[PDB]
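Visitor: Sequence first, structure after; it's an experimental one.
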Amino acid sequence: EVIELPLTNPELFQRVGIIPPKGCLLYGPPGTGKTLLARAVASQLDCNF
Amino acid sequence: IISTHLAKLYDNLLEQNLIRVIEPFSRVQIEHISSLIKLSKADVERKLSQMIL
Amino acid sequence: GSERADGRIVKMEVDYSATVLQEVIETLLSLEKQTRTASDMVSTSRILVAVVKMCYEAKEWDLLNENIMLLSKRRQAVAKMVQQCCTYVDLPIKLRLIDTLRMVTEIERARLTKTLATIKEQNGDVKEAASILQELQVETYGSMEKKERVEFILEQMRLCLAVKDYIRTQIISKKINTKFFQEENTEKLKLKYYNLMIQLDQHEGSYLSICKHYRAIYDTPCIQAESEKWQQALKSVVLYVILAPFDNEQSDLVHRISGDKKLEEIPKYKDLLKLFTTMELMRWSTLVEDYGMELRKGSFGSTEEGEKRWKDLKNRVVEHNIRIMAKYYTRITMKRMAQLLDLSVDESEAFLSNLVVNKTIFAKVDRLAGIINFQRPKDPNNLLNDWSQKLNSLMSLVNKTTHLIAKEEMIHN
Ligand SMILES: Nc1ncnc2c1ncn2[C@@H]1O[C@H](COP(=O)(O)OP(=O)(O)O)[C@@H](O)[C@H]1O
């Protein structure tokens, strides 16, 4: 929601009065599924990661 | 406080009206400025003196 | 989702039995909540249709409408889309619709705001109804489709003028996009839009603007075609280009109109525009006599808003004559000037003063029963410019004039 949507469905974001998200930081115990998330995101989204 | 101030506003108003009565004109016979501004000549030329001066 | 359909059909009877239902609603509501998924939107279809249907039979709805809002408060977006679009279609209507908008606070709410606002009052109560439609359109821009969208923007317009307002007429007006007038569909509509913009601008006592609008509508293929359409608009275009005060855009607009071939078909109005194009003294009376009747006949009206134009026209006339005298006469007197402008010593001095105040000529009077002076105040430098400019122009006469002399010698002998 923060990342994908604010692009293909931000055209209406302004209708709430809120800039798209800025940044997102994973942070967790070594092995919580962080590095595997960046892979999953760039694999599905696909744009310019 | 705002009342006594009207005197200022009134003054600025009179000065303008005059400047507009003589704006386009020459040798405008002063009785005309009077009846237009609707005031006695004596204090008109009383002021026009002040303005010229 | 079979039993979702099947047991529905089963309960359809079961309800329709007790519908022939207030108590029979519950055991269905629960079975639709125990699911929550694909079949849940089919359960939403069928259950939300029967619940609405129960309402229609007897109606018996005082609780339904509100019952549904409570039930609708319990929620399944697309299940609710129809559930609200089905309950959309007088005292009973008020509170029910209040519940529909109440719950929908997305394309359904607006279309119940049309109905609610206009239908609820449709009269003096406009102030109360139209209160709602002073908004709701604002951020629904991309959600609505421009037909409906713009459509009740126009409603906002006419309700705002009948409200007797202007501001929100102004802002609510300019929010319209002409670009949407590439589409012939919306092009049919916009006639409304401009017509209002006229009404407004008439209220504002603008004219030139009015003429630009009437111009624009007059550019419509639909009314280009029909000869009985474009006449009464074309006329008005004239009359307003006449009433507008002399200025930049007035000229080229008037000049362009005079060129329009269609304007030939009109006759007296033709003489009017041609009468303000050319530079000559107007003499008011003859004008009034010749054109008074033909004017008044057109649907210049009463002695109120319309009649008020009669005074303008006189002004424009004065500005016209005083506007040309400035061209020819280098100096002028008083009496004769009054005679030329018909008006006495007063109607003149006043007209001249207003022109110089707002500034529309350079004239300086010599009062003592004497002379108006229209010549600008140049200085040695100004006079010299004319001489310097004259010298230059002569050169080209002396240079241009050379090639002809030679052209003949070569072509002659
Ligand atoms: N939620 C998960 N689902 C499946 N595999 C996981 C998950 N979390 C960790 N793994 C395993 O660990 C790897 C991901 O490690 P990672 O999240 O990159 O650790 P770190 O956050 O230290 O980089 C994956 O390759 C997978 O084999």
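Guide: Looks like it arrived, so ask away. Residues are numbered from 1 along each chain as shown, chains lettered A, B, ... in the order given.
Visitor: so how many other residues sit close to the residue in the stretch 251-400 of chain C that chain A sits nearest to?
Guide: Residue nearest to chain A within the stretch 251-400 of chain C: residue C:253 (38.8 Å; Cβ to the nearest Cβ). Where you see a C-beta, it was placed from the backbone N, CA and C, and this is true even at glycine. Neighbours of residue C:253 under the rule other Cβ atoms under 10 Å in any protein chain shown: 19.
Visitor: Next: residue B:20.
Guide: 14.
Visitor: How about the longest helix seen in chain A and the ligand, touching?
Guide: In chain A, with assignment by DSSP state H, the single longest helix is helix A:35-44. Yes: between helix A:35-44 and the ligand, judged by Cβ under 6 Å from any ligand atom, the touching residues are A:35-36.
Visitor: which residues sit in contact with the residue of the stretch 251-400 of chain C closest to chain A?
Guide: C:208, C:211-212, C:215, C:241 (Cβ atoms under 8 Å, 6 or more residues apart in numbering or on different chains).
Visitor: Extract the CA atoms of stretch C:183-202 and return them as CSV.
Guide: Only the C-alpha atoms of stretch C:183-202 are listed here, as CSV (Å, rounded to 0.1, in the frame of the first residue of the first chain):
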residue,chain,number,x,y,z
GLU,C,183,-16.5,15.7,-27.3
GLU,C,184,-19.6,16.4,-29.3
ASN,C,185,-21.7,14.8,-26.5
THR,C,186,-20.5,17.3,-23.9
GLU,C,187,-20.7,20.0,-26.7
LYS,C,188,-24.4,19.5,-26.8
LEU,C,189,-24.5,20.2,-23.0
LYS,C,190,-22.2,23.2,-22.8
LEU,C,191,-24.9,25.5,-24.3
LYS,C,192,-26.3,25.4,-20.8
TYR,C,193,-22.9,26.3,-19.4
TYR,C,194,-22.4,29.4,-21.6
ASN,C,195,-26.0,30.5,-21.2
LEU,C,196,-25.4,30.7,-17.5
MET,C,197,-22.1,32.4,-17.9
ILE,C,198,-24.1,35.0,-19.7
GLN,C,199,-26.7,35.3,-16.9
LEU,C,200,-23.9,35.8,-14.4
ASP,C,201,-22.0,38.3,-16.4
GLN,C,202,-25.2,40.3,-17.1
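Visitor: Tell me how far residue C:49 lies from residue C:10.
Guide: 15 Å (Cβ to Cβ, to the nearest Å).
Visitor: neighbour-wise, which of these two wins?
Guide: Neighbours were counted for residue C:49 and for residue C:10 using other Cβ under 10 Å; residue C:49 has more, 15 against 11.
Visitor: Am I right that the more buried one is in contact with residue C:86?
Guide: Yes: contact criterion Cβ atoms under 8 Å: residue C:49 and residue C:86 qualify, at 6.6 Å.
Visitor: Roughly how far does the residue of the stretch 251-400 of chain C closest to chain A sit from residue B:8?
Guide: For residue C:253 relative to residue B:8 (Cβ to Cβ), the value is 45 Å.
Visitor: now do residue B:14
Guide: 11 Å.
Visitor: Same question for residue C:360.
Guide: Per Cβ to Cβ, residue C:360 is found 32 Å from residue B:8.
Visitor: And the two? Which one has more around it.
Guide: The residue with more neighbours, out of residue C:360 and residue B:8, is residue C:360; 18 against 9, by other Cβ under 10 Å.
Visitor: Assumed the more buried one was part of a strand.
Guide: No: with DSSP: H, G, I helix; E, B strand; the rest coil as the criterion, residue C:360 is located in coil rather than a strand.
Visitor: Help me confirm that it comes into contact with residue C:319.
Guide: Yes: Residue C:360 is within contact range of residue C:319, at 6.7 Å (criterion: Cβ under 8 Å).
Visitor: Please list the residues of chain B that sit near chain C.
Guide: B:20, B:23-29, B:32 (Cβ under 8 Å from any Cβ of the partner chain).
Visitor: Please apply the same query to chain A.
Guide: Counting by Cβ under 8 Å from any Cβ, chain A sits next to chain C at A:11-12, A:15.
Visitor: Go again with 6 Å.
Guide: residue A:15 (Cβ under 6 Å from any Cβ of the partner chain).
Visitor: Now do the helices in chain A.
Guide: A:5-8, A:35-44.
Visitor: how far out from the middle of the chain is the shortest one?
Guide: On the basis of Cα atoms, centre = their mean, to the nearest Å, the separation between the geometric centre of helix A:5-8 and that of its chain is 9 Å.
Visitor: element containing residue B:32?
Guide: Element membership of residue B:32 [criterion: DSSP states H and E] is helix B:30-37.
Visitor: Okay then, goodbye and thanks.
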